[PDB]
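Residue numbers (the authors' numbering), protein chains in the order written: chain G, 4 to 229, 237 to 499; chain G', 4 to 229, 237 to 499; chain G'', 4 to 229, 237 to 499; chain F, 1 to 11, 19 to 168. A prime marks a further copy of an entry chain. Just so you know, even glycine gets a beta-carbon here, dropped at the ideal spot from N, CA and C. Take a look at the structure set out below.
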Amino acid sequence: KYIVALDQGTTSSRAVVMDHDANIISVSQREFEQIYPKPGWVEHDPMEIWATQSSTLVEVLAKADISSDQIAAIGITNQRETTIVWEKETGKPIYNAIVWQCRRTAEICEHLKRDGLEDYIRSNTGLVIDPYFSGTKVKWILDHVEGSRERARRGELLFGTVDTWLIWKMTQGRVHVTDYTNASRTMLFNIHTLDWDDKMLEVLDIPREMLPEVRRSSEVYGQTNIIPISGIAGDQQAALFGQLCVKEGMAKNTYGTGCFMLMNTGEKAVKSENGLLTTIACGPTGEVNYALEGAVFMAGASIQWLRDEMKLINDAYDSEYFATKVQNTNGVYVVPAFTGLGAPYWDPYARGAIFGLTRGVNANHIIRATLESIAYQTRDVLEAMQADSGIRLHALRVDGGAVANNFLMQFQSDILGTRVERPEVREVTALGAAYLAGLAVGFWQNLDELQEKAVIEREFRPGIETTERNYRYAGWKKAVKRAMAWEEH
Amino acid sequence: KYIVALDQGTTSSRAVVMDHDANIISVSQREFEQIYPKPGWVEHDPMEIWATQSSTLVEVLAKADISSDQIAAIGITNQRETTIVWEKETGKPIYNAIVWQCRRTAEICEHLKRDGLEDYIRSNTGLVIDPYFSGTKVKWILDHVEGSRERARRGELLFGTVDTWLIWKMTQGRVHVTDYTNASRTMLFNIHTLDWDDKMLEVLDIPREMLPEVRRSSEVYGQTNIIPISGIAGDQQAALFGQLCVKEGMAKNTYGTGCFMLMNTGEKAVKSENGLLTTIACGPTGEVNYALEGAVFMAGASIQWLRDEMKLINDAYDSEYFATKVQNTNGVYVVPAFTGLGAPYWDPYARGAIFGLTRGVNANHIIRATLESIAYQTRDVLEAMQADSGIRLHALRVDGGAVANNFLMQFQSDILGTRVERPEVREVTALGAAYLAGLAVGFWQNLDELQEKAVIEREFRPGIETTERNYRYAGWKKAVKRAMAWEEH
Amino acid sequence: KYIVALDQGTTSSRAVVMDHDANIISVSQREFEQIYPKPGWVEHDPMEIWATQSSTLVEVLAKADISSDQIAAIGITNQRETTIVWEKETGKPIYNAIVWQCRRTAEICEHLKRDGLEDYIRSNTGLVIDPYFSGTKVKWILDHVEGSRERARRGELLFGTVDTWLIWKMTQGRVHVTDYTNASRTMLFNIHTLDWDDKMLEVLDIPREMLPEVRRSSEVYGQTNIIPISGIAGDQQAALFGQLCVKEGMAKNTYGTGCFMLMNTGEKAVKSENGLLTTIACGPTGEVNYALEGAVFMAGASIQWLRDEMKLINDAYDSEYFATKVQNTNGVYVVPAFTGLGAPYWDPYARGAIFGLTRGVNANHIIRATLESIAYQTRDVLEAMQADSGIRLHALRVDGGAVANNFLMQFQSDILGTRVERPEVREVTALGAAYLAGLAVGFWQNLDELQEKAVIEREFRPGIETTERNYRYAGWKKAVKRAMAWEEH
Amino acid sequence: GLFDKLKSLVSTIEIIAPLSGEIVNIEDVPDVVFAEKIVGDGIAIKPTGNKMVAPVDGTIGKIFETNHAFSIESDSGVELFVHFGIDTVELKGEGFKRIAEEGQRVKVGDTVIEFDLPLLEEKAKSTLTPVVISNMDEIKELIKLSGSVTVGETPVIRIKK
């Protein structure tokens, strides 16, 4: 038998079929549009998110000739924060998915601060008043469509982040459920009480009728004639589970659209005082642990901008070749704040910038600086992580699409002055969601049956160039201070 | 009320909503992969053809907030020839759609000639023994999958070109129907008897159980809860109807993936002796007329190869800018025989070629030669058309995606030495299928209510450069003679 | 003390300063325009050839602070065949240098064949009636300018290939001299008698007054206040000397603008019967030996066309990266006959061509096929070499700008099925001219003092892919047969 | 009938026969890179029955895309190359069904390619199958066996390291 994982990214939809003891037996990726209405804004069409994620599900099995009969369970990983409000009868959204990236609700965010609700939302959600979370995004959809807050109490429309939109389409409307990791992200859910916070729900005038049933990350939630849906987790929280991190002080950094570094902090919620998040993640059996988090919005997406918009490279993979043709960036810094900064800075008003240009700066100097900003952002959250936790990491276990790039991984260990342990199954986000699903169906019973699979393919060590790491990083901190607060308000 | 047209291309899926008296009220395009397993081979996944064409249907209405209630009927236009064999119960193909372009069945084609079945297939189908038609493509799918010709008589698997695959998915399996224009294309259907030819069906060992119910192009065939499906026609035969050509000697040339020139020849089937096809097309009420046809396989697809594979241009539209930066191609000829030639040549063994290269030939000389081969191919079929029909055209009414390019249209009228009349609704393939559908539902009653819409936006006349047209064309005929018969057999 | 070498290429001008026992102490490269008046035609401006080659001479010394005092002698290597006719008083050409590449004199060449002068010119010059040689090129300059053949006998205008134009500018008009290797190339010089052939001089109506004093390749010819000029040799004949080949059966292949393979045949002139040339080259002391030669016109120049005209690569060096991203060319062949073929084919009427194009052929398939045609051309002359000499080479000693490319060198040894020995000073054309100069001044006394320097940096051996070498080569011989005889006459 | 799901009579580096037939000297192989030891050294086999098997316990380096040949790396640091016939890329696939995977762990006797020998005798220029050590710098002594061999059973070479 097999476990099917349904990984739904910011830029793509992946479904992967897995046998007993984690072998990737089959995989399917399917890209979808990124919609940009205004400059600071990002958006997806929920129907394209469903169109690709369903067709990916029907691909993997067909590729390997498998259907229903052989699959023990279905786990779900998803991009976190992006709000969706749809119609209960029809199955039609009253608007496009406003993405986690999107900065339109910064105006709302500014009012929540001018009230004095920052110490509240910090201490009960573990989050920070930012456009990033779904809280303000729902208010915006509500405040802009006509019917909205009356169809709301009358119960015709439903809220959902991508985990609950996908299951409501898989169970033909039957079950409307979140898990704890995804709900922690909305800024509407108390993290201590483990239920929807209703001072928040007041403040943003959201009816409690819209909300999903928040449930565990490892539990059968319903069945689909795709058969049981047993695992759900936010993609980065399932990457932490896929890394088998799961114990106090265990961390990873994922290089996907953005870079998200998370450290499991047991059954303790630690208060950050260096710009990080206090979130919810899973323990060894799929139970609520807490985790510290640093989230930088742009990382492999920057490499995607070089390729599609900017046309400087053709393959995201050709950035390694062109970055290692110049030895340095010749004073050039790319600050990738395309949708604000966030990271430890928060500030939704910064836009992207390229600094210190000279007459002999060529395209390779730009390409290398773009890859280098991924490693400087990772260092900004890593030292915020270390100053928060009180723990110094002596290796950085990494994963994501971008870790296939040896220049970036090596440059990363030189600027950090620490080792960078790369695994050989690099896209572990769809394994943490397969593990959460296998466990709840008895396909696995627990994590120790899966220790063996974490095999570090390569370990990067700081070479002699690590001696300039603080000269190069000081240049980045000057560059960041100038990209900040560009947009007026 | 509105008419919905479902246009399914070789490279894309288009659905367009139309009000009374042809106004394009809403449109949706959605691209899908082109699969190339071996070099001469082309292929599509029937599920991606369905995935995009269904989501396009749900797009157009949502864009304009419309659903079922307001739509009088649904017409269907489709890429012709590409064979699909699927499963009757499940709704799952035993193989990918082998495209019209694809050259794998050339081996089969060579046997049909070594027998002596060319005068038969010519005189009863109006076609020519080529890999292009579905006849041989079905035999190939059958001969290669295991179950095949026994599940065939037992009736578990169904044949279909794209019109019948899309309706069998729209009516949940209920109706399995072709129309006359699409069936004319398969090389399994007699064009005089107007039923499946069964010397053909013998020869290619196809069971008659697989085949659709061949019906008119204007008839309600079934209903879908998308509501009646009333028009069906092969995309180029609906382009001829959209041009309101419909009478003896009336012709058009469509510049899409390929270039297809067709002339309506009334209720007479004319025998070609200059390399053309005798096909079926519609009359004023949706009835069987005949038509002469020249089909060249590569035209806007060549411009697509410059952009995606070759990376020389970024927009298909930037080919006009770069083509008009050099005044000539500097002796360079591009012969676009990427999937054989066909056109008047037939010969499945020619592959593409660029000739007469010199040390100072630059990218713009290649880009302009690529656009120029579209106009030289159009002249090869046009004079075959004129020598066949006995009629000289004094203007060429054109349509398709490529006619938006003024260099190509003008260069076209100079090499032809005739005017080129461009209409302002240029993609008329989805109008001929809307007209066929409106008529069968009473939404229109007939074509005279639609004369008014054909308004020629621009007429191109041969400027002074038409004086070199035969020097430039003689160079092309030398180039073509060298691309021919490259592949061994 | 030092020896200065003045290397004057087809596309560039190089001067290099060398100490005792061949250390490259300083170097200078300077590019100049390539003029293309008609498509088959190539041309240089003699003043730009002088402008760059003089400024390069003043660069190298200044770089290393050296002048006159320290330099023992000056050797000269030059592109062979390109004719120049100038004014004796003024120092002003009556025309641009018509290059070796240039095909304009093909008309003249056709008359020389229709007479019956091919067995004559073959057996007394060792050459073949082609546009390639200077013989016909001078006649053309003469026949087209007004004064010409009367100012000729009156002695106001002088003939010269690039070796004699550069010394006539260095000695302010004083000495007008060739060496034997360069004169062998003009088709006006008997190779057995070792003086200007005057049946040739008759036939092409060239006055004997124009011609230089043909001298040895190692001899002080004059002095310049640049101080003695003591070595002169055609660039490929000085590459053979730089390789220290110099004995019977010793060969090299140089990968520059073109590929030129030469084998020293002692003091015997061997008659070729497989399309090659019988030329003059140096022996161990700078004396007339003979050599067999195969010359293919395009090789590193093709890689230059991808970069400048075609814009597919940016660095000639990025062709290795993009060529090794696709594993094969997907049936694609580039025949680089940009200025005719020549090589073993001779035929001035072939132009360049890219064959077997398909819809999924991308830019990397073109880039790799371009590099691959350099190795297929080398095999065409190598087996003509082996069938002529009766010797089988068990390694190919190579040099030139292109041998820095590991894909090409390796692909070369797989298609040949022989080893490819690369040296570490790769541009040995300016060493053979430094050796010829050092010897004549006593700076060296002889070649044995220089054995030590030939140190093979890398030896390429045929890997397992050599097993398909004859399938891949058979495809090239089909491609070549279709590029041939494109231009009419 | 076919006996694959049926149990078999199982029982200083040996290279086990990748296929059955007579061992033939490689210098009798009519393609000079084999005949003159250029690409490697080892032996040839005039093949008699339809499979091509892993000749040592190791990983498959690469199967040529036309399927006629493959590369293997033994765990004992040896690299072999099995190539069915000569100039067999010209067939473009005809007669070869690939079974193992490009970079797969295999034990001796494991099928890696199946072939259609009646077709292949009519069409290929030669059917002689070179099995050569391409790693020959690294091996000190190479012992060559003779006579009949049976696929997955009989030893063809004995290399010492």
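- Classified as exposed, F:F3 has fewer than 16 neighbouring CB atoms from the shown chains inside 10 Å of its CB.
- In this structure, the straight-line span from the alpha carbon of G':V451 to that of G'':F332 is close to 57 Å.
- In this structure G'':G241 touches G'':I79 by the C-beta definition: roughly 7 Å separates them, less than 8 Å.
- The three-state secondary structure of G':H23, taken from DSSP, is coil.
- Its chain contains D357 and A360 as the residues whose beta carbon lies nearer than 6 Å to that of G':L351, once the 5 sequence neighbours on both sides are disregarded; these appear in chain order.
- For G'':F348, the nearest beta carbon of chain G' is closer than 9 Å to its own beta carbon.
- In this structure, G':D245 sits near G':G12, with a CB-CB distance shorter than 9 Å.
- In the DSSP assignment, G'':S312 falls within the unbroken alpha helix (DSSP H) covering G310 to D318.
- For G':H47, DSSP records a beta bridge to G':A100.
- Within the model, the alpha-carbon separation for F:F122 versus F:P25 is close to 13 Å.
- Taking 9 Å as the cut-off, the beta carbon of F:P37 is found no closer than this to the beta carbon of F:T136.
- With its beta carbon at least 9 Å from every one in chain G', G:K91 lies outside the interface.
- Think of a sphere of 7 Å around the beta carbon of G'':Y331: the chain G residues whose beta carbon falls inside it are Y331, in chain order.
- Annotated as proximal: G'':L302 and G'':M273, with beta-carbon spacing under 9 Å.
- Bridge partners of G':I38 according to DSSP: G':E46.
- In the three-state reduction of the DSSP assignment, G:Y224 falls in the strand class.
- Close to F:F88, with beta-carbon spacing below 7 Å, are these residues of chain G'' in chain order: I474.
- A Cβ-Cβ separation of about 13 Å leaves G'':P238 out of contact with G'':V180 under the 8 Å criterion.
- Within the region 289-375 of chain G, the complete beta strand (DSSP E) segments at least 3 residues long are 298-306, 343-345 and 363-365, listed from N- to C-terminus.
- Contact check for G'':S16 against G'':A67 fails: the beta carbons are separated by 9 Å or more.
- In this chain, F:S81 is not harboured by any alpha helix (DSSP H); it is covered by the beta strand (DSSP E) spanning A76 to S81.
- Note that the region 415-428 of chain G' touches the region 477-494 of chain G'; at least 3 beta-carbon pairs, one per stretch, sit closer than 8 Å.
- The beta carbon of G'':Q461 lies closer than 8 Å to those of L254 in the same chain, with the five residues before and after it left out.
- Going by DSSP, G:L115 is part of the alpha helix (DSSP H) stretching over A109 to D118.
- Where F:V85 is concerned, there is no enclosing beta strand (DSSP E), because DSSP gives it neither an H nor an E.
- With contact defined as three or more Cβ pairs closer than 8 Å, the region 157-174 of chain G'' and the region 373-390 of chain G'' are not in contact.
- For G:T439 and G:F251, the gap between their C-alpha atoms comes out near 8 Å.
- Between G:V344 and G:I364, the gap from beta carbon to beta carbon is short of 9 Å.
- Here G:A54 is not bridged, per DSSP, to any residue.
- For G':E51, the closest Cβ of chain G is nearer than 9 Å.
- Taking a cut-off of 8 Å on C-beta distances, the region 41-50 of chain G'' touches the region 85-97 of chain G'', as three or more cross pairs fall below it.
- For F:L9 and F:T161, the gap between their C-alpha atoms comes out near 13 Å.
- Residue contact check for F:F71 against chain G'': a CB pair falls below 9 Å.
- With a threshold of 16 other beta carbon atoms within 10 Å, G'':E437 meets it and is buried.
- Residues of chain G' with a Cβ closer than 8 Å to the Cβ of G'':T368 are, in chain order, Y39, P42, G43, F348, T349, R361 and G362.
- Assigned with DSSP and collapsed to three states, G':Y265 falls in strand.
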